[PDB]
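Before any questions on binding or motion, here is one chain by itself as structure tokens, the form deposited in one PDB entry.
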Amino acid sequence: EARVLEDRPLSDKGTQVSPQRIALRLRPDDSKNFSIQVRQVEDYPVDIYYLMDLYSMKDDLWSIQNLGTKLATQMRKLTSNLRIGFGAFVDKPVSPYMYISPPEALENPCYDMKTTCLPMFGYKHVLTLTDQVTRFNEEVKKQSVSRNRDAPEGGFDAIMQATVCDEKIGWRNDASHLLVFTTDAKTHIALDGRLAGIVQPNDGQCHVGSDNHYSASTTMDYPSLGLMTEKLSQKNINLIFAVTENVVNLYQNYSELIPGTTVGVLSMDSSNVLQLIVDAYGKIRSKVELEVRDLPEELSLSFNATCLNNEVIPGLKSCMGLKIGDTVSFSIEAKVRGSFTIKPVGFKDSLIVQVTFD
């Protein structure tokens, strides 16, 4: 049987899944049917953590000088709780990535072109998620750029640390999380660290201390596409690849390996990031897909999506064709042959299925 045991209405404006705690009870070698009802709530709170990459991106800093105000003017038209954060990364400050050759390049890595630059840093958390959009502006003016010898950078370290650090970044427990990722170069994927002498795998723990720097840059290797995926779904974070036109195809293929990621064509000076993010909101909340945790090994479940207008799509667990928010339903079977959680990707609401075998 399947006792509902809990059900609250799909909330009108900013509860998303209708049944909260079903009470499955299976005789061996049998299967019954579930129920689900997603509701993309309009005007849901939004948090945007602007993870930027700063030498070829020095013009981007000037072109996004007033971004928080332009964000607020064009984001409060679809939400009422908006928070902005800022973080930066270049690459690990270790040997085969940074200019340590001249004795004065540790302090000024750009002592070749006759200018000034910041010493290279691994990951920097600058601004926590605040509702004050002017703090974004006044903190982004105090940002300069650094220089790295290699072409690939430490982007995945920054994404990982932003995802796992929760008090430092201040992702709300009840919010729609957007992570922006703007860069114009490739990335040093996992295992790109024994060239630098780093062979200790990433653990997932967050090491941004009170100094706001990733303290394990020269001690731990880059994260992989599995550790990142395992942590991007645990904390329900959506990642947007605001990359240039020379890295779009590269980051599109990484995107089609992690659920909940998209790409955007970031201009040469990040002069179209507002429209990019706004369109990325309508491309992140337009897709509803379901993912499972802690499924018993002796259980197998099918997924019959019923979306659009009373469709009978036989097998898909995800639906395309949502504009802002729609009420779609997926039926479920579950065979035993002798707590498991159903939840959408990017949201905390779930159907906690209670299973008791008799």
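Start at 1 with the first residue shown and count on from there.
The protein also exists as the form solved in complex with a partner chain; that form is not presented, and the subsequent description refers to it.
*Asks:* Can you pick out, from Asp211, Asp131, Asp150, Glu167, the residue that has a heavy atom within 4.5 Å of its partner chain in the entry with it bound?
*Replies:* Contact check passes for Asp150.
*Asks:* Taking 4.5 angstroms as the cut-off for heavy atoms, does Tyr44 touch its partner chain in the entry with it bound?
*Replies:* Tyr44 lies outside the contact set for its partner chain.
*Asks:* Is there a non-hydrogen atom of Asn66 within 4.5 angstroms of a non-hydrogen atom of its partner chain in the entry with it bound?
*Replies:* Judged by the heavy-atom cut-off of 4.5 Å, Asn66 is well away from its partner chain in the entry with it bound.
*Asks:* Taking heavy atoms and a 4.5 Å cut-off, does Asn33 contact its partner chain in the entry with it bound?
*Replies:* No, no contact at 4.5 Å.
*Asks:* Residue-level question: is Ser56 within 4.5 Å of its partner chain in the entry with it bound, judged on heavy atoms?
*Replies:* Answer yes; at least one heavy atom of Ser56 falls within 4.5 Å of its partner chain in the entry with it bound.
*Asks:* Tell me the stretch among 140-148, 274-282, 235-243, 170-178 that has any heavy atom within 4.5 angstroms of its partner chain in the entry with it bound.
*Replies:* Result for this chain: 140-148.
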